[PDB]
Amino acid sequence: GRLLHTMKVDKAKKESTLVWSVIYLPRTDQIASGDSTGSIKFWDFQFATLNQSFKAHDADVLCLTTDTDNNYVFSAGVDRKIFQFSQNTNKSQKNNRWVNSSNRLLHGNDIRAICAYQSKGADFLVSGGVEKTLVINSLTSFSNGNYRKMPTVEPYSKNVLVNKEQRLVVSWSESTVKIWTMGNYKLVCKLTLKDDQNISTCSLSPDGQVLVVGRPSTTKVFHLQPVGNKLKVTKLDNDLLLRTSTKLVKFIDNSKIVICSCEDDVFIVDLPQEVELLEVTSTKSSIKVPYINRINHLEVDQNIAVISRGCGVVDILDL
Amino acid sequence: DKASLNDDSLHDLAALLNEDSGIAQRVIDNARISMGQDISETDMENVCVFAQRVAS
Amino acid sequence: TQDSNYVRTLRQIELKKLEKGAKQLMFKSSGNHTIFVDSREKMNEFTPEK
Amino acid sequence: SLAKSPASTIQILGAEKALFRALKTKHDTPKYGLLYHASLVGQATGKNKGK
Amino acid sequence: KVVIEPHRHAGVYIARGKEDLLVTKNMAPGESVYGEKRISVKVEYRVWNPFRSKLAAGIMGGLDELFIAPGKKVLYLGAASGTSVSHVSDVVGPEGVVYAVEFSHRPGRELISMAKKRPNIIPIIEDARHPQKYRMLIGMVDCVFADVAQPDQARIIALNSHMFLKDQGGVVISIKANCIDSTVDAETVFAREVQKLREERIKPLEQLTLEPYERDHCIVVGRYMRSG
Amino acid sequence: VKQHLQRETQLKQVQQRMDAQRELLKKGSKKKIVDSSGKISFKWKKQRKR
Amino acid sequence: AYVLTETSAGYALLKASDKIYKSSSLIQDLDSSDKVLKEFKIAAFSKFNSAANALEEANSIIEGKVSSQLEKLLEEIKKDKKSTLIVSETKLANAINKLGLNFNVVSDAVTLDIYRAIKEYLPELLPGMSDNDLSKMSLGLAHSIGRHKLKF
Amino acid sequence: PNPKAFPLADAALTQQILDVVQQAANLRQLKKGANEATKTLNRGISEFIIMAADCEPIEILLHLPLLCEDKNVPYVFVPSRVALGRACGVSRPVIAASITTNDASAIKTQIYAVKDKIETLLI
RNA sequence: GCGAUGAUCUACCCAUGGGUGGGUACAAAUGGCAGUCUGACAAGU
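Residues numbered from 1 in each chain as written, not as in the entry; some residues may be left out. Chains lettered and ligands numbered in written order. Part of a larger assembly, values for the part shown. Heavy atoms only, no water. Residues with missing side-chain atoms left out of burial classes, pairs and counts.

Draft legend 1. Fine view of the protein's contact with RNA strand I. Taken together, 25 residues surround RNA strand I, and among them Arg8 and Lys20 of chain C, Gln11 of chain D together with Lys39 and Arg43 of chain H come closest. Between RNA strand I and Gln11 of chain D there is a distance of 2.2 Å, counted from a base nitrogen to a side-chain nitrogen or oxygen. With seven residues, helix α1 (residues 2-24) of chain C is the largest single contributor of residues to the surface near RNA strand I. (Near = heavy atom within 4 Å. Polar contact = N/O pair within 3.5 Å; in protein donor to acceptor, adjacent residues only side chain to side chain. Helix = DSSP H or I, 4+ residues; strand = E, 2+ residues; numbered from the N terminus.)

Draft legend 2. Inspection of the nonpolar core at higher detail. Judged by nonpolar contacts, the single largest core of 61 residues is most densely connected at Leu75, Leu77 and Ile173 of chain E together with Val66 and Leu85 of chain G. Broken down by element, the residue count for this core peaks at five residues, all from helix α4 (residues 153-164) of chain E. Of all hydrophobic cores here, the second largest spans 42 residues; its members include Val20, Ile49, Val78 and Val90 of chain H. (Core = buried A, V, L, I, M, F, W, Y, C linked by side-chain atoms within 4.5 Å. Buried < 20%, exposed > 50% of the residue type's maximum accessible area, 1.4 Å probe, protein only.)

Draft legend 3. Highlighting the interface of chain H and chain D. Contacts between the two partners involve six residues from chain H and, on the opposite side, five residues from chain D. For the pairing of chain H and chain D, the buried interface totals around 460 Å² over both sides, and the portion due to carbon and sulfur atoms is 67%. Linking chain H to chain D there are zero salt bridges. Among the elements of the structure, α2 (34-43) and α4 (64-71) of chain H are those that each provide at least two residues to the side of chain H that touches chain D. By residue number, the principal contributor to the side of chain H that touches chain D is α2 of chain H, which donates three residues. Tallied by class, residues from the side of chain H that touches chain D come to two nonpolar, three polar and one charged. (Contact = heavy atoms within 4.5 Å. Buried area = accessible area lost by both parts, 1.4 Å probe. Salt bridge = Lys/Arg side-chain N within 4 Å of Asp/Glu carboxyl O. Nonpolar A, V, L, I, M, F, W, Y, C, P; charged D, E, K, R; others polar.)

Draft legend 4. Structural context of the interface of chain E and chain G. Contacts between the two partners involve 30 residues from chain E and, on the opposite side, 22 residues from chain G. Interface area for chain E against chain G, summed over the two sides, is near 2,300 Å², with a carbon-plus-sulfur share of 64%. Summed over the shared surface of chain E and chain G, the result is two salt bridges. Residue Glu126 of chain E pairs with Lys149 of chain G through a salt bridge whose shortest N-O separation is 3.2 Å. Across the contact surface, chain E and chain G share five residue pairs in polar contact. Of all the secondary-structure elements, those providing two or more residues to the side of chain E that touches chain G are α3 (106-117), β7 (121-124) and α4 of chain E. Class assignment of the residues belonging to the side of chain E that touches chain G gives a composition of 17 nonpolar, six polar and seven charged.

Draft legend 5. Local environment of the sheet that holds strand β16 (residues 185-187) of chain A. Residues and elements named next belong to chain A. Ordered in space as β13-β14-β15-β16, the four strands form an open sheet in which the pairing is antiparallel. Two strands close off the open sheet at either side, each with one partner strand: β13 (160-163) and β16. On average, each strand axis in the sheet is inclined to that of its neighbour by 20°, with strand direction left out of account. Sheet topology places β13 next to strand β14 (residues 168-173); four bridges connect them, and they run antiparallel. Counterpart to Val162 in the pairing with β14 is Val169. (Pairing = 2+ DSSP bridges. Axes fitted to C-alpha atoms, helices over the stretch in contact; angles between N-to-C directions.)

Draft legend 6. Focus on the arrangement of the chains. Where eleven pairs of chains are in contact, the pair with the most contacts is made of chains E and G. At their nearest point, the C-alpha atoms of chain B and chain C are still 33 Å apart, with no contact between the two. Nowhere do chain F and chain G come into contact; their C-alpha atoms are at least 43 Å apart.

Draft legend 7. Broad picture of the pairing of strand β7 (residues 81-86) of chain A. Residue and element names in this part refer to chain A. A large share of β7 lies buried, amounting to five of its six residues. Where strand β6 (residues 72-76) meets β7, five bridges bridge the pair, whose relative direction is antiparallel. Its bridge partner being in β7, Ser75 is matched across the sheet by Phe83. Hairpin connection from β6 to β7: four residues lie between these consecutive antiparallel strands, with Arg80 at a positive phi of about 75°. As defined by bridge partners, β7 adjoins strand β8 (residues 99-105) across five bridges and the pair is classed as antiparallel. From the neighbouring strand, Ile82 faces β8, where its bridge partner is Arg104.

Draft legend 8. Broad picture of the side chain of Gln29 of chain H. All names here are of chain H. Looking at where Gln29 falls in the secondary structure, it is placed in the loop between α1 (11-27) and β1 (30-32). The exposure class assigned to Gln29 is buried, which follows from its relative accessible area of 8%. Discounting residues that sit within four places of it in the chain, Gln29 has contacts with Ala24, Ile99, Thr100, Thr101, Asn102, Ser105 and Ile107.

Draft legend 9. Quick look at the sheet that holds strand β11 (residues 134-138) of chain A. Residue and element names in this part refer to chain A. The four strands lie next to each other as β9-β10-β11-β12, forming an open sheet whose pairing is antiparallel. With one partner strand each, in any of the chains shown, β9 (111-118) and β12 (148-150) form the two edges of the open sheet. Within this sheet the neighbouring strands show an average axis-to-axis angle of 20°, counted without direction. Bridging between β11 and β12 involves three bridges; their strand directions are antiparallel. Looking across to β12, one finds that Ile136 is bridged to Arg148.

Draft legend 10. Quick look at a positive patch on the surface. A grouping of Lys26, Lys27, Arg48, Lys49 and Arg50 of chain F together with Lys31, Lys32 and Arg86 of chain H is seen on the molecular surface, where their side chains present a positively charged patch. Along the chain, the position of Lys31 of chain H falls in strand β1. Residue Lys31 of chain H is classed as partly exposed on the basis of its relative accessible area of 35%. (Patch = residues over 30% accessible without salt bridge, like charges linked within 9 Å, V, L, I, M, F, W, Y side chains within 5 Å. Areas by Shrake-Rupley, 256 points an atom, 1.4 Å probe, with all protein chains shown as cover. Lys, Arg positive; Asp, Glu negative; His and termini not counted. Charge placed at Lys NZ, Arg CZ, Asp CG, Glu CD.)

Function cannot be inferred from these measures alone, as they are strictly geometric.
Pasting the structure below:
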């Protein structure tokens, strides 16, 4: 319960500097810091003092990361630059100095964090920021390794659907449900779902005029009626859909629907009909990761349904 | 002290003032539940000397 | 020095005789009182009298 | 309480009467109080007894 | 000459004489424990100082369901220097019992003397946050008060209430905003601690700002249902 | 009670100013400065009294 | 099954004809009643000895470890090689497992409601176990325990 | 190092204290020594209390925090009595000291900032 | 079936019941009066 060491970073005159990030280097007993003056400082922990002081770039560092050997330390700024600082070469570790070895920019907007992993399998650092994409780079050969830029949008969990019946499309974001009919293209509706407060996780409509929205907390159901260039909607109700969670929703018909819930529980309603399943054994990885043994995908034919769960396991359900 | 009191001491107080009044039983029960903090031996002896003084 | 002693003694007199006077005196409580309700209808229908 | 008090008091603690009289009429304070009979003072001599 | 009058809760009395004051009825009369004054009318009485006892300020601030009753068993966390615990002993009377708790020493000895004068007291001289060293001695409190500055007020209440507070029990806590936060507004801190207890199974019934008596404290009162 | 407290503060001020005068008397290397609103004050040269 | 409990009146162990499901059933049945006291009356009580010093050291070495009357009871508690036991402390659970009986006992699990209920109902076990109001005994014991914790 | 004083500052807060007390004594708004601090605390003029956590024995000022608790005044320890002496401006070890009240000082802002710090630690 | 060995004579209510007021001797108390001195130089050469 004591604070026994205090160091001050070199100050800026027109501002109030602040040290954005710190990190501990265990090979040679140091702590590294990245500070809004735009500096990277290497302090030796014992004796609580300064070995190295670099002006890295214009503006405030935000994150630091290291390899295991403490031979490479990578700084991630806000002015979009990644710096690689090196100590691996012999005389360099022998005298415990550091080197502003390399710098490089790849992000579009700016950087917010960096985290590195290394192993015989692979050796990469991960930079994530504001431009809604993550870049993966080589820890061993940062001046040589070629980047990868994994992009913003990933449709694994889709947030839009289309009904060829009356030839329209429906997209949803945070409590927002915008519809458009095509012919030119004209919007139809707009559903800020005033009630819920989460991102809508599974919403679907069948061939026709039914609609359902679902969240793992509560779910809701609607009926639509075309009133012309506009439509009107009504809020149908069932306590079961009010209370139960929904990983996945599908339509058998315009009256019958099926529901998959995070406890891997499936229900069917005709607008408490439940149907059995096949259990899964647990291994060491099954103990570790909880969600892998949870149902991953649900699909339905006119009658039959298929369930896929993380073990690659695939099963068939006849309602 | 408030501890070394038995039914023999009860009959001894009966030979003294009165047990038929029940006071012997009263004091033995209050001593069994006694809440006054027990004190130094030397205080017991000198205070006993004091009591002998006032009695004489 | 003697003047300081005199004055400070009077000041102590007045100070603690004040504190006695206060301790026997009483004030009036002016503190906020927010009530808990579990339903908006009960909120609306609330009356402290009832 | 007795340790709660400071030094000058434990000096003056006896002759509080003459102390307060001196204070309320601007004469000069007493000096011994109860610690007179302390053997140390009991061998001291005069101004030395005070010190 | 002096007029006695009872309060909304049992045992609390106001004297209307040359003055108006808050008072309780001594089981042990004529022995003012901490130099507090007194009054008789015949029978004895003993005054409260709200400026010295937080709970007193609450009494004047007005509280409906202050579950501390004469015929009742009440636990008292933050019993220091014996004042307010002596008062609550006196208000519960001979049939009521006050399970006082302290963990400093010097107030411990003072409380020892206070127990040496009063039977309804029962002192515990142990850790605030380690409720076992008194689980084995305390049984079925029905009402709990706590004035403690260890910012885990919600913990300590939750623990000792699960171990001790009988169902639908009464709970009341004093909170020092300047102690727990001292940066963000006391209203915010009060609300935050409210949902804290809310999660910790207290139904929060009311809270009093102790405004014109002490700086930046709230008394929170709630009940304890289907819990354990 | 009110005149208690106001007399109390008045005597506090009197005692404070009078101890300022005593200090003025005692010892050291004083300095007299007329602070901006027009009020006298005294500052002692940095000096450890033996 | 068996449950241990430690009182100023002594040392009481109650038989429970089986635990966890028992915990649930009891709480959703609200078994804070003397009817539940009959449902689980007692297995074996051990009255202490009326030596306030013995009880003082009993408390001290209970907050420390296992105590003398406790081994003099656990020597006879067992009926088979393993007999499930309910305890109210992690540390005492470990001590009991680490002493020389080597039988099964579960720690201070969610059975707070059960210890609470038996504490509430032992007033109705005053007619059963402790045929007197032990509040005065608790009073004297607590006085002594505070005095001895302090140097005093 | 002494396990008896509970609140003990670091090097940084020690520096801040010993500075404020230099300028205070330089104005003679500081009173020195344990007895005099005791007086002032009972006078109710004591702005706050510095103590020295290296006085042998420590009780001989350990008594004061009783008064401090009672009168709601801040109190802190610093770990070097010879430091506190040469700071306050005398020729001896000074186990304790207390800063007084005067709103006409040129040091009100410093004194409240520091007492904010000590309150922060104490609470 | 009288007496110099001594006659006579030294606050308010509710009709010989209760409630109010004052005056002396004794005790009580954590009631009061009523408040805990200053604060760096000194002695020898």
